[PDB]
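FYI, in the deposited numbering the residues of the sequence shown are 2 to 162, 170 to 247, 250 to 252. Shown next, in structure tokens, is the structure this report addresses.
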Amino acid sequence: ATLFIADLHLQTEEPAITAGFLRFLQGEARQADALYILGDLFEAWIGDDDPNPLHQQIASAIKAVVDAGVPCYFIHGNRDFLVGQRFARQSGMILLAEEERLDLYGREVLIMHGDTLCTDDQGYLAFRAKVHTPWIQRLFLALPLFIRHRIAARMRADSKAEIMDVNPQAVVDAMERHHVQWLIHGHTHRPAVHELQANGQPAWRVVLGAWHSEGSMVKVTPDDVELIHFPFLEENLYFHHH
Ligand SMILES: CC(=O)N1CCc2cc(S(=O)(=O)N3CCN(c4cc(Cl)cc(C(F)(F)F)c4)CC3)ccc21
Ligand SMILES: [Mn+2]
Ligand SMILES: [Mn+2]
Numbered sequence: 002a003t004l005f006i007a008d009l010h011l012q013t014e015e016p017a018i019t020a021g022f023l024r025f026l027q028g029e030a031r032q033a034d035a036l037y038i039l040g041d042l043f044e045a046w047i048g049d050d051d052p053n054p055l056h057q058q059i060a061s062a063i064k065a066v067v068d069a070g071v072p073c074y075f076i077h078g079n080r081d082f083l084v085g086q087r088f089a090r091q092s093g094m095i096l097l098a099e100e101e102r103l104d105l106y107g108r109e110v111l112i113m114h115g116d117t118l119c120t121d122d123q124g125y126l127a128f129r130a131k132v133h134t135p136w137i138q139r140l141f142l143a144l145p146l147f148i149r150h151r152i153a154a155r156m157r158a159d160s161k162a170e171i172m173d174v175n176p177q178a179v180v181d182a183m184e185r186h187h188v189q190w191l192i193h194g195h196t197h198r199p200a201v202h203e204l205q206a207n208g209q210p211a212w213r214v215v216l217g218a219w220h221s222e223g224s225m226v227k228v229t230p231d232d233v234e235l236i237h238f239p240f241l242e243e244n245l246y247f250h251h252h
């Protein structure tokens with residue numbers, strides 16, 4: 002089985018999500034054929050030279066899965082688009098492009114984070130165009146770490162002062185550009201299975217859920233596609251009247 006997760010938004014202020022991800026990496030991920038992380042693994046990223054200890058804890062936990070024989074892949078999200086090759090080497094993950102076509106047990110599946118499908122939020126897509134410009138990234142990464150920390154903290158507070173869903177035609181355009189009947193993405197935080205038509209045949213868009221109160225993953229087997237929700241920590245059972 003191949004596993005897909007996204008929108009974990011890991012941060013030191015949310016240790017329960019971190020503990021759930023570590024339990025997921027030590028358990029379910031070890032039995033998988035592969036693990037794909039489709040963006041927004043971290044709530045924020047200002048560069049691989051960030052000494053945030055959470056980054057090294059996550060990197061060593063993913064590396065343990067990679068050392069256990071499970072290849073791990075990463076597609077950038079809107080929050081952690083600055084994740085680079087330094088963290089990829091520390092974690093053993095392979096960085097993929099914003100759109101990838103996979104062969105999962107015979108069926109061709111398109112994977113992406115999903116923010117590029119939300120073409121109705123032109124305010125966001127302008128922001129995305131800027132921060133994805135290579136010379137803007139090189140200039141930001143050259144700034145000192147404490148400057149980058151203060152830039153990110155101010156932009157988060159300013160953005161805090170409602171995620172737009174995908175555009176239906178953008179979905180059709182992507183699945184026809186890649187000639188696929190299956191699409192998996194996250195970003196929108198609306199876990200669902202949508203039926204549509206692409207390339208003159210029925211197609212399906214599978215959406216991952218954010219790790220808010222419980223975990224979320226998509227499991228693709230040769231026999232089916234599964235959207236699975238599970239608790240973060242081990243919910244130890246313990247023991250009404252007639
Ligand atoms: C809609 C959306 O996605 N948002 C909204 C707010 C937000 C903050 C983060 S962040 O905290 O992780 N961080 C990432 C790197 N950022 C950056 C990068 C570059 Cl290349 C140039 C610049 C420059 F503009 F300062 F030059 C700033 C600083 C902020 C991530 C995503 C988002
Ligand atoms: Mn997200
Ligand atoms: Mn996102």
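Even for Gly, the Cβ is constructed at its ideal location relative to N, Cα and C.
Of the choices the options, whose alpha-carbon is the least far from that of residue i?
i	options	result
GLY40	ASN175, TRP219, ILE236, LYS227	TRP219
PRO230	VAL132, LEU216, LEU105, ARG155	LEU105
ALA30	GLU14, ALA7, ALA69	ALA69
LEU204	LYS227, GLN177, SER221, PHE141	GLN177
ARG108	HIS202, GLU14, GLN189	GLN189
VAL233	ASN207, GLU243, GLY208, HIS202	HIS202
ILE38	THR117, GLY28, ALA98	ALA98
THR13	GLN57, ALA35, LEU36	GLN57
Starting from the C-beta of residue i, find all residues in its chain whose C-beta is less than 6 Å away, skip the five residues before and the five after it, and write them out in chain order.
i	result
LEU26	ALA62, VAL66
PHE43	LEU11, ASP81
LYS64	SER92, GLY93
Write down the C-beta distance between residue i and residue j rounded to the nearest angstrom, noting that I regard them as a contact closer than 8 Å.
i	j	result
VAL214	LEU245	Not a contact, Cβ separation roughly 31 Å.
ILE47	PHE240	With a Cβ gap of about 26 Å, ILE47 and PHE240 do not count as contacting.
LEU23	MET225	About 15 Å; that fails the 8 Å criterion.
Would residue i and residue j be called neighbours here (beta carbons separated by less than 9 Å)?
i	j	result
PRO199	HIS237	yes
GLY223	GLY21	yes
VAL179	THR196	no
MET94	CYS119	no
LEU235	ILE6	no
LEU111	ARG102	yes
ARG149	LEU140	no
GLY85	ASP121	no
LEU146	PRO52	yes
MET113	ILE137	no
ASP8	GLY194	yes
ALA182	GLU242	no
Please tell me whether, using a cut-off of 8 Å, the distance from the CB of residue i to the nearest non-hydrogen atom of ligand 2 is below it.
i	result
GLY21	no
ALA45	no
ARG129	no
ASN79	yes
For a test of your reading of the model: does the CB of residue i fall under 8 Å from any non-hydrogen atom of ligand 3? Yes or no.
i	result
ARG157	no
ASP104	no
Residue i: beta carbon under 8 Å from a heavy atom of ligand 1?
i	result
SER160	yes
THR196	no
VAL132	yes
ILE152	yes
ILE137	yes
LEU42	no
Apart from the five residues on each side of it in sequence, which residues of its chain come closer than 8 Å, Cβ to Cβ, to residue i?
i	result
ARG157	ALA45
What residues in its chain sit with their C-beta under 7 Å from that of residue i, if we drop five residues either side in the sequence?
i	result
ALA60	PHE88, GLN91, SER92
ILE152	none
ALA33	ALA2, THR3, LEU4, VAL71
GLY115	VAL174, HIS193, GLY194, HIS195, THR196
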